[PDB]
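Only one chain comes next, encoded as structure tokens, the form deposited without nicotinamide-adenine-dinucleotide (NAD).
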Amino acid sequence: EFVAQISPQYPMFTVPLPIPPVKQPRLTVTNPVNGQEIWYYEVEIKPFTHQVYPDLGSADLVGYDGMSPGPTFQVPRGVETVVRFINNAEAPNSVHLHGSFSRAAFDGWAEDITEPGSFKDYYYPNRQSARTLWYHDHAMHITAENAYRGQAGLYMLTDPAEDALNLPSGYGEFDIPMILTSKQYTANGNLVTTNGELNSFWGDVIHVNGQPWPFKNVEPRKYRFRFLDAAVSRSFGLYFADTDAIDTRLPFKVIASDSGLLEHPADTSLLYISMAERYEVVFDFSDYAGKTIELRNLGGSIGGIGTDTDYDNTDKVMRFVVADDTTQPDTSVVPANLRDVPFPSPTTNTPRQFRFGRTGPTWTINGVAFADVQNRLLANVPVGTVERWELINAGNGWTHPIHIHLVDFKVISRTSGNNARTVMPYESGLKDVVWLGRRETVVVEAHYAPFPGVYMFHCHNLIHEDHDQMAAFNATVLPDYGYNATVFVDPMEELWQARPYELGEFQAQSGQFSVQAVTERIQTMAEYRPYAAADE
């Protein structure tokens, strides 16, 4: 069963699915090292209001470029980017590009904050396999509220070599972002804050791309859906159902996970997806012409995998209204062979063990909280080592989607105390988040490479994360390793810290924001060659 909705009654499935706009670079800067162009962006973090409930008041948000989701980046492999994330808001931020093997000082270390009235330049490599990344806040102990209030957006890394696959295409056309969130609203339509919540903030209103229970008109053909669970605490068990047969799950194909394409499409009628996980789905509406297809969420706390509270309407995600015919023929396909997945060389070494539970009210990793500076560094791993980590949730009363920064990993095994599931077919490839459901233990395998530095790992339930379920590992190198490692291993390195800005120089695009100043700043950053070790 389920619990009565708390948020005001919403006009279900009446508002079109919005698509976040593509974020365009301001300019490009020539890299003196290799003559390549670096794309430079400016993102302004600022407050804004959004009228979510038509007949009530508005909600207070804070977002990248004053929208939520933030605008969508689209970057081809091989093009380095620099993003100046400008804090013109009211609380600190720390931006993490989730899915990117960024250097430690460009990775969103929780203490590596930018204050209101400052910005930080983030230098990204964009060398990894094509994948759906996302960028979001990571500031220590205020991550849940910063993300909740709007600081998360999509970042698509593209590969022209994947074009020949002829998958459904066109951002906002047949390649649709599906960013899920779960929130709660007050009686006059503002957001209920996550502040004060120490267990989980489930939310009773399901959003896609910032919009409660939307609809979309689709043609009877194939669409690529890029699912991201950007919720604070809600995990999903997604399925598609004709409204005439609301319990009957319709088949689809999963084609990609966190780190990129699967080797082969996974035939799927139920998609488990927890916080921070990305799955790309191809759904074929051609068998459902003139029907309405509802994207729904499995009840009973994601079919017994989770512990999430279910409400009146959290079994509903959005509705697809399928036309009777196409307007152009569908020439897209879903190849049986997608890519060769670059799995790490397998090891037989005993896995490191990490236990995710609670120590009193505080969510901990092996009994440690992230606030504990003395004890939070829980592993030293020489760069280039392949390690298995055993990620343990002994509890039946909570679940944890675990995220390890820097790496892509393979999911080796999952056990369940409730015998509920093992490794899912769509977990066949490479991932960077893995869901420890009720009484589940998962072993992952990862190459801790290619860059040395101190990095985070944590549960990505943002309430658990803030209080205080995060730890660090150090990917280590020897004194003679080179690659300017000495200025790239410490995430708090002063060279890369946030800088104060004057609002007027930003608006006037002068001073610190003149073409010359941005150019010289980026060329100087490029000279340190932060990502050279990936080009061996």
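Counting begins at 1, following the sequence as shown.
What comes next is about the form solved in complex with nicotinamide-adenine-dinucleotide (NAD), which is not displayed.
Undergrad: Would you mind fitting nicotinamide-adenine-dinucleotide (NAD) into the shown chain by superposing the local C-alphas on its pose in the bound PDB entry and telling me if the pocket reads open or blocked at 2.4 Å from backbone or C-beta atoms, 3 atoms or more being blocked?
TA: Open: no clashes with backbone or C-beta.
Undergrad: Quick check on this chain: which one of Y426, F457, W389, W398 has a heavy atom within 4.5 Å of nicotinamide-adenine-dinucleotide (NAD) in the bound PDB entry?
TA: Of the listed residues, the single hit is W398.
Undergrad: Looking at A161, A245, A394, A336 here, can you tell me which has any non-hydrogen atom within 4.5 angstroms of nicotinamide-adenine-dinucleotide (NAD) in the bound PDB entry?
TA: Selected option: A394.
Undergrad: Check for me whether nicotinamide-adenine-dinucleotide (NAD), as it appears in the bound PDB entry, comes within 4.5 angstroms of all of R358, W363 and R439 - heavy atoms only.
TA: The answer is yes; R358, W363 and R439 each reach nicotinamide-adenine-dinucleotide (NAD).
Undergrad: Evaluate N199 for contact with nicotinamide-adenine-dinucleotide (NAD) in the bound PDB entry, applying a 4.5 angstroms cut-off between non-hydrogen atoms, and reply yes or no.
TA: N199: yes, in contact with nicotinamide-adenine-dinucleotide (NAD) in the bound PDB entry.
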